[PDB]
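Coordinate inspection notes
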Amino acid sequence: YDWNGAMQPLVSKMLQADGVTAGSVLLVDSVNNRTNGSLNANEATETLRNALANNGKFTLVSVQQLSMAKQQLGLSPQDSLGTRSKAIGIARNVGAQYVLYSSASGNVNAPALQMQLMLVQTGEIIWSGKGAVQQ
């Protein structure tokens with residue numbers, strides 16, 4: 001999985017979208033696997049986390065911060081912040097201005113990485129991107 005090759009142009013496209021100020025606080029939801037096979041969850045998420053940190057100078061909400069915030073919210077420790085409600089409530093508790101969603105779908109050897117940037121304030125999807133994950 002060339003996560004990088006798939007993820008850098010998307011992060012780049014998102015950085016150029018109006019409404020995305022860089023250097024702001026961003027909640028990076030971890031990559032959701034909807035392929036027909038097992039994918040290394042956090043291998044992707046970390047590549048993502050690095051792509052977003054380096055490019056566009058984004059302040060990412062940290063893993064520990066995420067953990068403690070879900071606890072303070074009463075959510076399960078392994079809870080994924082998949083539902084928007086749970087994602088803003090978490091986002092508000094931390095300092096986040098944007099929640100980033102991302103999913104890998106289709107065939108386990110030809111996934112379609114999709115991506116949406118949610119404006120925490122209003123909950124509107126202001127940007128969306130999709131790109132194949134090559135090898």
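Residues numbered from 1 in each chain as written, not as in the entry; some residues may be left out. Heavy atoms only, no water.

Its PDB header names X-ray crystallography as the technique used to obtain the model and reports a resolution of 2.20 Å.

Per the PDB entry, the protein carries the name Penicillin-binding protein activator LpoB and comes from Salmonella enterica subsp. enterica serovar Typhimurium. Listed as the entry title in the PDB record is "LpoB C-terminal domain from Salmonella enterica (Native)". Under the UniProt heading Function, the note attached to the protein is "Regulator of peptidoglycan synthesis that is essential for the function of penicillin-binding protein 1B (PBP1b)." Recorded in UniProt for the protein, the comment headed Subunit runs: "Interacts with PBP1b." (UniProt positions renumbered as here; feature names shortened; annotations may be inferred.)

Notes on the nonpolar core
Ranked by size, the top nonpolar core spans 27 residues in total, and within it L26, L48 and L52 carry the most contacts. Where this core is concerned, the elements lending two or more residues are helix 1 (3–15), strand 1 (25–28), helix 2 (41–54), strand 4 (98–105) and strand 5 (112–119). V61, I90, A96 and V120 belong to the second largest nonpolar core, which has 16 residues in total. (Core = buried A, V, L, I, M, F, W, Y, C linked by side-chain atoms within 4.5 Å. Buried < 20%, exposed > 50% of the residue type's maximum accessible area, 1.4 Å probe, protein only. Helix = DSSP H or I, 4+ residues; strand = E, 2+ residues; numbered from the N terminus.)

Considering empty space enclosed by the protein
Tallied over the full model, the rule gives one cavity of 30 Å³ or more. In this model, the largest cavity occupies a volume close to 40 Å³. Along its surface, the largest cavity is lined by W3, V31, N33, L39, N40, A41, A44 and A104. Taken together, the residues of the lining of the largest cavity sort by class into six nonpolar, two polar and no charged. (1 Å grid on protein atoms, 1.4 Å probe; cavity = no way out; pocket = protein on both sides within 12 Å on 5 of 7 lines; lining within 4 Å. Points joined across faces, edges and corners; volume = space filled by probe spheres on them. Nonpolar A, V, L, I, M, F, W, Y, C, P; charged D, E, K, R; others polar.)

Considerations on the environment of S67
Its location among the elements puts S67 in helix 3 (residues 63–73). When its relative accessible area of 42% is taken as the criterion, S67 is described as partly exposed.

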